[PDB]
>>> print(open('entry_9.cif').read())   # mmCIF, C-alpha atoms
data_coords
#
loop_
_atom_site.label_atom_id
_atom_site.label_comp_id
_atom_site.auth_asym_id
_atom_site.auth_seq_id
_atom_site.Cartn_x
_atom_site.Cartn_y
_atom_site.Cartn_z
CA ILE A 1 -12.02 -6.08 -22.73
CA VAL A 2 -9.18 -6.54 -20.20
CA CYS A 3 -6.85 -3.80 -18.90
CA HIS A 4 -8.77 -0.97 -17.40
CA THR A 5 -6.22 1.75 -17.01
CA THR A 6 -3.82 3.47 -19.37
CA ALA A 7 -3.54 2.57 -23.05
CA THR A 8 -2.78 5.60 -25.25
CA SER A 9 -3.16 8.48 -22.63
CA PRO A 10 -5.29 8.33 -19.28
CA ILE A 11 -7.85 6.14 -21.17
CA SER A 12 -10.74 4.96 -19.03
CA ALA A 13 -10.68 1.16 -18.87
CA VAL A 14 -10.85 0.97 -22.74
CA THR A 15 -8.84 -2.24 -22.59
CA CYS A 16 -6.70 -1.58 -25.65
CA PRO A 17 -7.76 -3.02 -29.07
CA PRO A 18 -9.42 -6.52 -29.51
CA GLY A 19 -7.27 -9.61 -28.74
CA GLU A 20 -10.32 -10.61 -26.58
CA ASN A 21 -8.67 -9.94 -23.17
CA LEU A 22 -5.08 -8.80 -22.47
CA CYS A 23 -3.27 -5.55 -22.42
CA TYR A 24 0.27 -4.96 -23.57
CA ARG A 25 1.74 -2.77 -20.85
CA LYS A 26 4.82 -0.80 -21.70
CA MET A 27 6.40 2.48 -20.53
CA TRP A 28 6.35 4.21 -17.13
CA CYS A 29 9.61 6.03 -16.84
CA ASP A 30 9.39 8.06 -20.10
CA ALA A 31 13.19 7.78 -20.59
CA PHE A 32 14.53 10.45 -18.24
CA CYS A 33 13.45 8.79 -14.93
CA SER A 34 13.52 12.40 -13.73
CA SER A 35 10.82 11.48 -11.14
CA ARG A 36 7.04 11.43 -11.58
CA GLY A 37 5.88 8.85 -14.18
CA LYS A 38 2.64 9.38 -16.08
CA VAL A 39 3.90 8.75 -19.62
CA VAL A 40 3.25 5.07 -20.18
CA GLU A 41 2.14 3.09 -23.21
CA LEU A 42 0.26 0.03 -21.81
CA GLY A 43 -2.12 0.34 -24.69
CA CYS A 44 -2.25 -3.07 -26.12
CA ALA A 45 -1.88 -3.41 -29.84
CA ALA A 46 -3.24 -6.95 -30.62
CA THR A 47 -2.05 -9.73 -28.28
CA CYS A 48 0.81 -8.03 -26.38
CA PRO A 49 3.64 -8.96 -28.70
CA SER A 50 5.91 -8.51 -25.58
CA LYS A 51 7.88 -5.85 -27.52
CA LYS A 52 11.32 -5.12 -25.99
CA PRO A 53 12.84 -4.59 -22.48
CA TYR A 54 13.86 -0.85 -22.66
CA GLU A 55 12.32 1.44 -19.93
CA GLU A 56 9.38 -0.51 -18.45
CA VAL A 57 7.24 -3.24 -19.99
CA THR A 58 5.10 -6.27 -19.11
CA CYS A 59 2.09 -8.30 -20.29
CA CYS A 60 -1.03 -9.05 -18.27
CA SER A 61 -4.60 -10.23 -19.20
CA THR A 62 -6.54 -10.76 -16.05
CA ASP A 63 -8.95 -7.79 -16.13
CA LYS A 64 -6.06 -5.24 -16.11
CA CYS A 65 -2.42 -4.60 -15.26
CA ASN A 66 -1.41 -1.35 -16.75
CA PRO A 67 -2.33 1.32 -14.17
CA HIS A 68 -0.52 4.55 -13.42
CA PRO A 69 -0.28 6.60 -10.20
CA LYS A 70 -0.12 10.42 -10.02
CA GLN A 71 -2.10 11.04 -13.25
CA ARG A 72 -4.23 14.16 -13.52
CA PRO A 73 -7.69 14.80 -11.98
CA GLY A 74 -8.54 16.66 -15.24
#
>>> encode(input="entry_9.cif", output="structure tokens")
Amino acid sequence: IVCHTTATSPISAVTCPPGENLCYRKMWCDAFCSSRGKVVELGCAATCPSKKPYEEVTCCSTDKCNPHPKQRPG
């Protein structure tokens, strides 16, 4: 119960696994930065282990912080 966005696809608030708040956010620019950007990770996977820098990454835990524009209305 935390991030209310992405997290293993379009999700729906899910808020990743347990950890009891928080949402590891990673990905955004796939790896081609060829425009767009709807292939993120921001999934959580415990307690946001931070992971690595690479493409895009972060770590929130304040209700959410792993959104994603564009998306698909279906």
>>> residues_around(input="entry_9.cif", residues="residue A:52", least_positions_apart="6", cutoff="12 Å", atoms="all atoms listed in the file", output="ChimeraX atom specification")
/A:24-27,58-59
>>> closest_residue(input="entry_9.cif", among="A:69, A:39, A:3, A:29", to="residue A:16", atoms="all atoms listed in the file")
A:3
>>> resolve_selection(input="entry_9.cif", expression="the PyMOL selection byres ((chain A and resi 72) around 9)", output="PyMOL selection string")
chain A and resi 10+38+70-71+73-74
>>> residues_around(input="entry_9.cif", residues="residue A:46", least_positions_apart="2", cutoff="8 Å", atoms="all atoms listed in the file", output="JSON, numbers by chain")
{"A": [17, 18, 19, 44, 48, 49]}
>>> resolve_selection(input="entry_9.cif", expression="the PyMOL selection byres ((chain A and resi 65) around 10)", output="list in words")
residues 2, 3, 4, 5, 6, 22, 23, 24, 25, 42, 58, 59, 60, 61, 62, 63, 64, 66, 67 and 68 of chain A
>>> atom_distance(input="entry_9.cif", atom1="atom CA of residue A:55", atom2="atom CA of residue A:35")
13.4 Å
>>> atom_distance(input="entry_9.cif", atom1="atom CA of residue A:21", atom2="atom CA of residue A:9")
19.2 Å
>>> atom_distance(input="entry_9.cif", atom1="atom CA of residue A:53", atom2="atom CA of residue A:12")
25.7 Å
>>> axis_aligned_box(input="entry_9.cif", around="stretch 3-10 of chain A", padding_each_side="8 Å", output="JSON")
{"center_x": -5.8, "center_y": 2.3, "center_z": -21.1, "size_x": 22.0, "size_y": 28.3, "size_z": 24.2}
>>> decode(input="entry_9.cif", residues="stretch 19-39 of chain A", atoms="N, CA and C atoms", output="PDB file, in the first residue's frame")
ATOM      1  N   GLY A  19       6.361  -4.686   1.930  1.00  0.00           N
ATOM      2  CA  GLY A  19       7.243  -3.590   2.384  1.00  0.00           C
ATOM      3  C   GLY A  19       6.520  -2.592   3.306  1.00  0.00           C
ATOM      4  N   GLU A  20       5.182  -2.581   3.242  1.00  0.00           N
ATOM      5  CA  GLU A  20       4.279  -1.783   4.090  1.00  0.00           C
ATOM      6  C   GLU A  20       4.533  -0.305   3.807  1.00  0.00           C
ATOM      7  N   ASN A  21       4.254   0.093   2.562  1.00  0.00           N
ATOM      8  CA  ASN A  21       4.491   1.441   2.005  1.00  0.00           C
ATOM      9  C   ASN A  21       5.772   1.300   1.186  1.00  0.00           C
ATOM     10  N   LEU A  22       5.890   2.163   0.192  1.00  0.00           N
ATOM     11  CA  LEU A  22       7.041   2.333  -0.705  1.00  0.00           C
ATOM     12  C   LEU A  22       6.841   1.575  -2.000  1.00  0.00           C
ATOM     13  N   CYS A  23       7.483   2.147  -3.003  1.00  0.00           N
ATOM     14  CA  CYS A  23       7.449   1.614  -4.340  1.00  0.00           C
ATOM     15  C   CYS A  23       8.647   1.819  -5.205  1.00  0.00           C
ATOM     16  N   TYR A  24       9.494   0.793  -5.317  1.00  0.00           N
ATOM     17  CA  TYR A  24      10.696   0.966  -6.126  1.00  0.00           C
ATOM     18  C   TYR A  24      10.218   1.395  -7.520  1.00  0.00           C
ATOM     19  N   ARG A  25      10.665   2.563  -7.932  1.00  0.00           N
ATOM     20  CA  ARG A  25      10.401   3.009  -9.293  1.00  0.00           C
ATOM     21  C   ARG A  25      11.672   2.892 -10.105  1.00  0.00           C
ATOM     22  N   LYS A  26      11.541   2.205 -11.217  1.00  0.00           N
ATOM     23  CA  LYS A  26      12.657   2.099 -12.153  1.00  0.00           C
ATOM     24  C   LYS A  26      12.067   2.018 -13.549  1.00  0.00           C
ATOM     25  N   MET A  27      12.858   2.390 -14.543  1.00  0.00           N
ATOM     26  CA  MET A  27      12.522   2.380 -15.971  1.00  0.00           C
ATOM     27  C   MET A  27      11.667   3.577 -16.338  1.00  0.00           C
ATOM     28  N   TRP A  28      11.595   3.812 -17.645  1.00  0.00           N
ATOM     29  CA  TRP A  28      10.851   4.952 -18.231  1.00  0.00           C
ATOM     30  C   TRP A  28      11.180   5.168 -19.693  1.00  0.00           C
ATOM     31  N   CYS A  29      12.466   5.010 -19.948  1.00  0.00           N
ATOM     32  CA  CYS A  29      12.979   5.178 -21.303  1.00  0.00           C
ATOM     33  C   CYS A  29      13.530   3.811 -21.710  1.00  0.00           C
ATOM     34  N   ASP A  30      12.672   2.793 -21.736  1.00  0.00           N
ATOM     35  CA  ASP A  30      13.012   1.439 -22.223  1.00  0.00           C
ATOM     36  C   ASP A  30      14.526   1.143 -22.302  1.00  0.00           C
ATOM     37  N   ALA A  31      15.148   1.618 -23.380  1.00  0.00           N
ATOM     38  CA  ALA A  31      16.614   1.730 -23.518  1.00  0.00           C
ATOM     39  C   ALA A  31      17.008   2.364 -24.858  1.00  0.00           C
ATOM     40  N   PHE A  32      15.987   2.752 -25.605  1.00  0.00           N
ATOM     41  CA  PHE A  32      16.140   3.256 -26.968  1.00  0.00           C
ATOM     42  C   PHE A  32      15.851   4.747 -27.014  1.00  0.00           C
ATOM     43  N   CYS A  33      15.234   5.279 -25.940  1.00  0.00           N
ATOM     44  CA  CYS A  33      14.816   6.694 -25.811  1.00  0.00           C
ATOM     45  C   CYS A  33      14.339   7.223 -27.175  1.00  0.00           C
ATOM     46  N   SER A  34      13.605   6.353 -27.871  1.00  0.00           N
ATOM     47  CA  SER A  34      13.208   6.630 -29.260  1.00  0.00           C
ATOM     48  C   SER A  34      11.872   7.368 -29.254  1.00  0.00           C
ATOM     49  N   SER A  35      11.640   8.133 -28.177  1.00  0.00           N
ATOM     50  CA  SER A  35      10.394   8.871 -27.886  1.00  0.00           C
ATOM     51  C   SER A  35       9.476   8.007 -27.017  1.00  0.00           C
ATOM     52  N   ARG A  36       8.251   8.503 -26.871  1.00  0.00           N
ATOM     53  CA  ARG A  36       7.202   7.831 -26.098  1.00  0.00           C
ATOM     54  C   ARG A  36       7.657   7.656 -24.633  1.00  0.00           C
ATOM     55  N   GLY A  37       7.490   6.433 -24.118  1.00  0.00           N
ATOM     56  CA  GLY A  37       7.880   6.075 -22.746  1.00  0.00           C
ATOM     57  C   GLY A  37       6.672   5.569 -21.960  1.00  0.00           C
ATOM     58  N   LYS A  38       6.436   4.274 -22.117  1.00  0.00           N
ATOM     59  CA  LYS A  38       5.381   3.570 -21.358  1.00  0.00           C
ATOM     60  C   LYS A  38       5.867   2.181 -20.902  1.00  0.00           C
ATOM     61  N   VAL A  39       7.182   2.011 -20.907  1.00  0.00           N
ATOM     62  CA  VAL A  39       7.759   0.710 -20.547  1.00  0.00           C
ATOM     63  C   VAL A  39       8.655   0.931 -19.329  1.00  0.00           C
TER      64      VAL A  39
END
